[PDB]
Amino acid sequence: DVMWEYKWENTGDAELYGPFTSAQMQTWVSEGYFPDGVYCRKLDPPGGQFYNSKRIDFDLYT
Amino acid sequence: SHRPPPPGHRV
């Protein structure tokens, strides 16, 4: 599998979440929970060039 | 199928 973190904001202090499987992320991201998108980024490695969930293609991973 | 509320939120 492949988990994907998600941050509501784009700051270095903002809340850091998204330790769920791409499957769980796709649900929330697809369900519509994020109407504006979130700072999505693979958990490992920790801390990288984050990317908006709306700019990622989970379909090319699951 | 269903799922719980994601972290962070704001209420």
# chains A, B, ... in the order shown; residues from 1 in each chain; ligands from 1
call {"tool": "residues_around", "arguments": {"residues": "residue 28 (chain A)", "least_positions_apart": "6", "cutoff": "10 Å", "atoms": "only C-alpha atoms", "output": "list in words"}}
result
residues 22 and 34 of chain A; 3, 4, 5 and 6 of chain B
call {"tool": "interface_residues", "arguments": {"of": "chain A", "to": "chain B", "cutoff": "9 Å", "atoms": "only C-alpha atoms", "output": "MDAnalysis selection string"}}
result
chainID A and resid 7:8 15:18 24 27:28 33
call {"tool": "residues_around", "arguments": {"residues": "region 39-51 of chain A", "least_positions_apart": "4", "cutoff": "10 Å", "atoms": "only C-alpha atoms", "output": "ChimeraX atom specification"}}
result
/A:2-12,16-22,25,29,55-56
call {"tool": "write_last_selection", "arguments": {"atoms": "N, CA and C atoms", "output": "PDB file, in the first residue's frame"}}
result
ATOM      1  N   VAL A   2       0.211   2.416   0.044  1.00  0.00           N
ATOM      2  CA  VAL A   2       0.914   3.690   0.051  1.00  0.00           C
ATOM      3  C   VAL A   2       0.070   4.779   0.706  1.00  0.00           C
ATOM      4  N   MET A   3       0.471   5.189   1.904  1.00  0.00           N
ATOM      5  CA  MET A   3      -0.245   6.228   2.635  1.00  0.00           C
ATOM      6  C   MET A   3       0.096   7.608   2.084  1.00  0.00           C
ATOM      7  N   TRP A   4      -0.754   8.587   2.373  1.00  0.00           N
ATOM      8  CA  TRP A   4      -0.534   9.947   1.895  1.00  0.00           C
ATOM      9  C   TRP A   4      -0.985  10.982   2.920  1.00  0.00           C
ATOM     10  N   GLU A   5      -0.034  11.764   3.415  1.00  0.00           N
ATOM     11  CA  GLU A   5      -0.327  12.805   4.394  1.00  0.00           C
ATOM     12  C   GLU A   5      -1.150  13.920   3.756  1.00  0.00           C
ATOM     13  N   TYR A   6      -1.739  14.773   4.586  1.00  0.00           N
ATOM     14  CA  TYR A   6      -2.544  15.884   4.088  1.00  0.00           C
ATOM     15  C   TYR A   6      -2.576  17.034   5.093  1.00  0.00           C
ATOM     16  N   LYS A   7      -2.350  18.245   4.599  1.00  0.00           N
ATOM     17  CA  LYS A   7      -2.359  19.432   5.441  1.00  0.00           C
ATOM     18  C   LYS A   7      -3.347  20.459   4.898  1.00  0.00           C
ATOM     19  N   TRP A   8      -4.266  20.898   5.751  1.00  0.00           N
ATOM     20  CA  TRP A   8      -5.270  21.877   5.353  1.00  0.00           C
ATOM     21  C   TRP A   8      -4.619  23.144   4.808  1.00  0.00           C
ATOM     22  N   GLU A   9      -3.616  23.643   5.522  1.00  0.00           N
ATOM     23  CA  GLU A   9      -2.910  24.849   5.107  1.00  0.00           C
ATOM     24  C   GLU A   9      -1.583  24.498   4.441  1.00  0.00           C
ATOM     25  N   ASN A  10      -0.822  25.523   4.072  1.00  0.00           N
ATOM     26  CA  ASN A  10       0.470  25.323   3.424  1.00  0.00           C
ATOM     27  C   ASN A  10       1.593  25.949   4.243  1.00  0.00           C
ATOM     28  N   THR A  11       1.491  25.830   5.561  1.00  0.00           N
ATOM     29  CA  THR A  11       2.495  26.385   6.460  1.00  0.00           C
ATOM     30  C   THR A  11       3.312  25.280   7.117  1.00  0.00           C
ATOM     31  N   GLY A  12       4.429  25.662   7.723  1.00  0.00           N
ATOM     32  CA  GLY A  12       5.274  24.696   8.395  1.00  0.00           C
ATOM     33  C   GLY A  12       4.786  24.385   9.799  1.00  0.00           C
ATOM     34  N   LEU A  16      -0.532  18.467  10.693  1.00  0.00           N
ATOM     35  CA  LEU A  16      -0.013  17.429   9.811  1.00  0.00           C
ATOM     36  C   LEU A  16      -0.766  16.117  10.008  1.00  0.00           C
ATOM     37  N   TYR A  17      -1.590  15.764   9.029  1.00  0.00           N
ATOM     38  CA  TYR A  17      -2.368  14.533   9.089  1.00  0.00           C
ATOM     39  C   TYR A  17      -2.223  13.743   7.792  1.00  0.00           C
ATOM     40  N   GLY A  18      -3.123  12.789   7.580  1.00  0.00           N
ATOM     41  CA  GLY A  18      -3.088  11.986   6.381  1.00  0.00           C
ATOM     42  C   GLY A  18      -2.241  10.728   6.492  1.00  0.00           C
ATOM     43  N   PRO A  19      -2.089  10.133   7.692  1.00  0.00           N
ATOM     44  CA  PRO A  19      -1.305   8.910   7.855  1.00  0.00           C
ATOM     45  C   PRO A  19      -2.110   7.663   7.493  1.00  0.00           C
ATOM     46  N   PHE A  20      -3.109   7.842   6.630  1.00  0.00           N
ATOM     47  CA  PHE A  20      -3.969   6.747   6.203  1.00  0.00           C
ATOM     48  C   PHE A  20      -3.535   6.214   4.843  1.00  0.00           C
ATOM     49  N   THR A  21      -4.055   5.048   4.480  1.00  0.00           N
ATOM     50  CA  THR A  21      -3.724   4.430   3.202  1.00  0.00           C
ATOM     51  C   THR A  21      -4.320   5.223   2.047  1.00  0.00           C
ATOM     52  N   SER A  22      -3.650   5.187   0.896  1.00  0.00           N
ATOM     53  CA  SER A  22      -4.126   5.898  -0.288  1.00  0.00           C
ATOM     54  C   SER A  22      -5.613   5.636  -0.495  1.00  0.00           C
ATOM     55  N   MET A  25      -7.485   7.874   1.835  1.00  0.00           N
ATOM     56  CA  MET A  25      -7.286   9.235   1.353  1.00  0.00           C
ATOM     57  C   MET A  25      -8.156   9.502   0.131  1.00  0.00           C
ATOM     58  N   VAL A  29     -10.730  12.443  -0.159  1.00  0.00           N
ATOM     59  CA  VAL A  29     -10.381  13.346  -1.249  1.00  0.00           C
ATOM     60  C   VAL A  29     -11.417  13.290  -2.368  1.00  0.00           C
ATOM     61  N   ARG A  55      -3.728  17.905  -7.195  1.00  0.00           N
ATOM     62  CA  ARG A  55      -2.645  17.841  -8.172  1.00  0.00           C
ATOM     63  C   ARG A  55      -1.992  16.459  -8.192  1.00  0.00           C
ATOM     64  N   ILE A  56      -2.522  15.537  -7.391  1.00  0.00           N
ATOM     65  CA  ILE A  56      -1.984  14.184  -7.326  1.00  0.00           C
ATOM     66  C   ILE A  56      -2.939  13.186  -7.972  1.00  0.00           C
TER      67      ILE A  56
END
call {"tool": "select_by_dssp", "arguments": {"residues": "region 10-54 of chain A", "states": "helix (DSSP H, G or I)", "output": "PyMOL selection string"}}
result
chain A and resi 22-31+53-54
call {"tool": "write_last_selection", "arguments": {"atoms": "N, CA, C and O atoms", "output": "CSV table (one decimal), in the first residue's frame"}}
result
chain,number,residue,atom,x,y,z
A,22,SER,N,-3.6,5.2,0.9
A,22,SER,CA,-4.1,5.9,-0.3
A,22,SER,C,-5.6,5.6,-0.5
A,22,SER,O,-6.3,6.5,-1.0
A,23,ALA,N,-6.0,4.5,-0.1
A,23,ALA,CA,-7.4,4.1,-0.2
A,23,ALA,C,-8.3,5.0,0.6
A,23,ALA,O,-9.3,5.5,0.2
A,24,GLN,N,-7.9,5.2,1.9
A,24,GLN,CA,-8.7,6.0,2.8
A,24,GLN,C,-8.6,7.5,2.4
A,24,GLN,O,-9.6,8.2,2.5
A,25,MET,N,-7.5,7.9,1.8
A,25,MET,CA,-7.3,9.2,1.4
A,25,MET,C,-8.2,9.5,0.1
A,25,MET,O,-8.8,10.5,0.0
A,26,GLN,N,-8.2,8.5,-0.8
A,26,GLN,CA,-9.0,8.7,-2.0
A,26,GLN,C,-10.4,8.9,-1.7
A,26,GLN,O,-11.1,9.7,-2.3
A,27,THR,N,-10.9,8.2,-0.6
A,27,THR,CA,-12.3,8.3,-0.2
A,27,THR,C,-12.6,9.7,0.2
A,27,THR,O,-13.5,10.4,-0.3
A,28,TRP,N,-11.9,10.3,1.2
A,28,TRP,CA,-12.1,11.6,1.7
A,28,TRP,C,-11.8,12.6,0.6
A,28,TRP,O,-12.6,13.6,0.4
A,29,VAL,N,-10.7,12.4,-0.2
A,29,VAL,CA,-10.4,13.3,-1.2
A,29,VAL,C,-11.4,13.3,-2.4
A,29,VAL,O,-11.7,14.3,-3.0
A,30,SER,N,-12.0,12.1,-2.6
A,30,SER,CA,-13.0,11.9,-3.6
A,30,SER,C,-14.4,12.2,-3.1
A,30,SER,O,-15.2,12.7,-3.8
A,31,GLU,N,-14.6,11.8,-1.9
A,31,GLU,CA,-15.9,12.0,-1.2
A,31,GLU,C,-16.4,13.5,-1.3
A,31,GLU,O,-17.5,13.8,-1.4
A,53,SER,N,-3.7,17.8,-3.0
A,53,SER,CA,-4.4,16.6,-3.4
A,53,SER,C,-5.0,16.6,-4.7
A,53,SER,O,-5.1,15.6,-5.4
A,54,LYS,N,-5.4,17.8,-5.1
A,54,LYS,CA,-6.0,18.0,-6.5
A,54,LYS,C,-5.0,17.9,-7.6
A,54,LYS,O,-5.4,17.9,-8.8
call {"tool": "decode", "arguments": {"residues": "chain B", "atoms": "N, CA and C atoms", "output": "mmCIF file, in the first residue's frame"}}
result
data_model
loop_
_atom_site.group_PDB
_atom_site.id
_atom_site.type_symbol
_atom_site.label_atom_id
_atom_site.label_comp_id
_atom_site.auth_asym_id
_atom_site.auth_seq_id
_atom_site.Cartn_x
_atom_site.Cartn_y
_atom_site.Cartn_z
ATOM 1 N N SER B 1 -17.591 0.515 3.616
ATOM 2 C CA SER B 1 -18.027 1.585 2.681
ATOM 3 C C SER B 1 -17.882 2.965 3.314
ATOM 4 N N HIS B 2 -18.662 3.216 4.362
ATOM 5 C CA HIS B 2 -18.618 4.497 5.057
ATOM 6 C C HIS B 2 -17.242 4.733 5.672
ATOM 7 N N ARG B 3 -17.065 5.896 6.290
ATOM 8 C CA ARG B 3 -15.795 6.239 6.917
ATOM 9 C C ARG B 3 -15.973 7.358 7.944
ATOM 10 N N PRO B 4 -15.062 7.431 8.925
ATOM 11 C CA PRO B 4 -15.104 8.451 9.974
ATOM 12 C C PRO B 4 -14.597 9.806 9.488
ATOM 13 N N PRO B 5 -14.832 10.862 10.278
ATOM 14 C CA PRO B 5 -14.399 12.218 9.937
ATOM 15 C C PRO B 5 -12.877 12.355 9.957
ATOM 16 N N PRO B 6 -12.289 12.967 8.913
ATOM 17 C CA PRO B 6 -10.838 13.158 8.835
ATOM 18 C C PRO B 6 -10.331 14.102 9.919
ATOM 19 N N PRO B 7 -9.047 13.990 10.293
ATOM 20 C CA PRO B 7 -8.453 14.844 11.323
ATOM 21 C C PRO B 7 -8.487 16.316 10.940
ATOM 22 N N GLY B 8 -7.957 17.153 11.818
ATOM 23 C CA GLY B 8 -7.931 18.577 11.560
ATOM 24 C C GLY B 8 -9.279 19.230 11.783
ATOM 25 N N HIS B 9 -10.165 19.101 10.796
ATOM 26 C CA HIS B 9 -11.512 19.672 10.871
ATOM 27 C C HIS B 9 -11.501 21.076 11.468
ATOM 28 N N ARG B 10 -12.674 21.542 11.884
ATOM 29 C CA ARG B 10 -12.802 22.861 12.487
ATOM 30 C C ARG B 10 -14.264 23.184 12.783
ATOM 31 N N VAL B 11 -14.623 23.147 14.061
ATOM 32 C CA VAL B 11 -15.990 23.434 14.480
ATOM 33 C C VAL B 11 -16.011 24.350 15.699
#
